[PDB]
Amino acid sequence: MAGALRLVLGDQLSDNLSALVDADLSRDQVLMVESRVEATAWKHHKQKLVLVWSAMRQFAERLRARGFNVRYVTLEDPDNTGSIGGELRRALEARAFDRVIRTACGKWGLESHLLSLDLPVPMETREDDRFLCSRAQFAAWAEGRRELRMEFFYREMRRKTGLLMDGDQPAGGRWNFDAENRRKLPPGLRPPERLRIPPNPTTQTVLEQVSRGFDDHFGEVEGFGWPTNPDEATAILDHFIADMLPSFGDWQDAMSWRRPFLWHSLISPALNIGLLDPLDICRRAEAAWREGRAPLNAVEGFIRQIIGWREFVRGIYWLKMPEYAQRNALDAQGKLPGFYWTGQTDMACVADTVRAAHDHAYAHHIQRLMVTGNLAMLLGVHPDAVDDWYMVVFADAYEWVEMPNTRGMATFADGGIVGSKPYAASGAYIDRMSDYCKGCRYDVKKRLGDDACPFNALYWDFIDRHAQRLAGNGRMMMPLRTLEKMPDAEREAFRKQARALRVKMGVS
């Protein structure tokens, strides 16, 4: 009875973490490591580093206040080996333990590494039951399904959680209340001001250290306003539930120039490191509808993103890795344009997405999908390069969620496992859902010439290039019919325009 060494990683900052269950506070030790391996696996946004390390230090203090013995290895510690495995070994050398207990993590490569570590004591790995669907449950649901579709997974998660269920039937008599025909904000409507969290003293200290120590990483650290502990994160959630959730269903796919948050919740960076709980979030939204403070379409749309999409992508990741990370179904080989890093492009929609990534480490979903994701797919950027960008620039990015949304939904590099069709779109889509195109120097009605919106020739070149395959996919009938009715000279024209754009943008 020497006790257990309990590992807590930077995205595991929850009192209810399975590795902390049944802790013997008089014998056990919690290990937390500020890891340069993890901090450089991708060159994470400076604000992601601030968030994780500020949240970790505060979580350690919360554990100590509850009686835990915490071995906390900081970035400045000259004996820190830099890695989780190295620090495990060193912790085990410092005092006697009977075993290591940890919670399976959110990156296949680290999980595979930790599972094969040869340590002097046994290492027990527990599932991360903060998620609503276990890895085993997803595998069992997916078995024998020719295609994995969120629509059907979501119904299963509604029945299992009981969220928005009146007995055995969905509230309102339908599962999903998504509406077609949603469009951009009306000219006069101004998105409301959003609550941000001024840095607390711990966060300020970490801000100063990241500013000095990681200046080469992407992004601005000034203005950091993300919540870094459960009190701050609940404040963000409270604001969303009371002030934004009633409007959540009107504007989920709209874009407004330099209004980067609209009515979104801004909870993903906190949720993905454990500062909020998925079930609790959804129950709070359900209560808003039950009690007459929000309409059902809004609340259902919100809950579907958390118990549906979030759990579905996690399921696909662990079911399909490691091969998933290698898939390149459209044989994309291009380089990522420099403007993905600098924002220096005349494409107003792209420039605004990069602006928000740089300044806030955030862009909302339809920008990630239909602006920068769609563009990378149409350009034929190699999926490794695309995954790298999405991992670096957003404060909510962890591989389990980034990769199926990026390699899958946004770029079809997975051949449709997540998304069932490429989300390709011309500039017409961005024009219908945003206020970007009028102020953009490009003409969204033109396909050819130096004034043409690049998305237009790129879209048709993409449909053309992959025409044989997309006609088999099944769900692209309208674009292929339009392509077919085009005379040959018109097709050759947009092929040449797209070739030019790929040279101009530094792709290929």
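The term rigid core refers to the maximal set of C-alpha atoms that superpose within 1.5 Å between the two forms. Heads up: residue numbers just count along the shown sequence, starting at 1.
The stretch that strays farther, by root mean square C-alpha distance over structures and residues in 4 other deposited structures of this protein after a rigid core fit, is 180 to 188, when 180 to 188 is set against 365 to 373. Mean C-alpha B-factor is higher over 480 to 488 than over the other stretch, the pair under comparison being 13 to 21 and 480 to 488. Across the two stretches, 344 to 352 and 145 to 153, the PDB entry reports the greater mean Cα temperature factor for 145 to 153. Considering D384, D396, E124, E399 together, the PDB entry gives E124 the largest C-alpha B factor.
Of the candidates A96, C133, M409, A298, the PDB record gives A96 the highest C-alpha temperature factor.
Placement of the Cα temperature factor of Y324 within the chain: lowest third of the modelled residues, per the deposited record. Placement of the Cα temperature factor of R62 within the chain: middle third of the modelled residues, per the deposited record.
Compared with the other modelled residues of the chain, the Cα B-factor recorded for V507 ranks in the lowest third. Placement of the Cα temperature factor of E38 within the chain: middle third of the modelled residues, per the deposited record. When the modelled residues of the chain are ordered by C-alpha B-factor, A285 sits in the lowest third.
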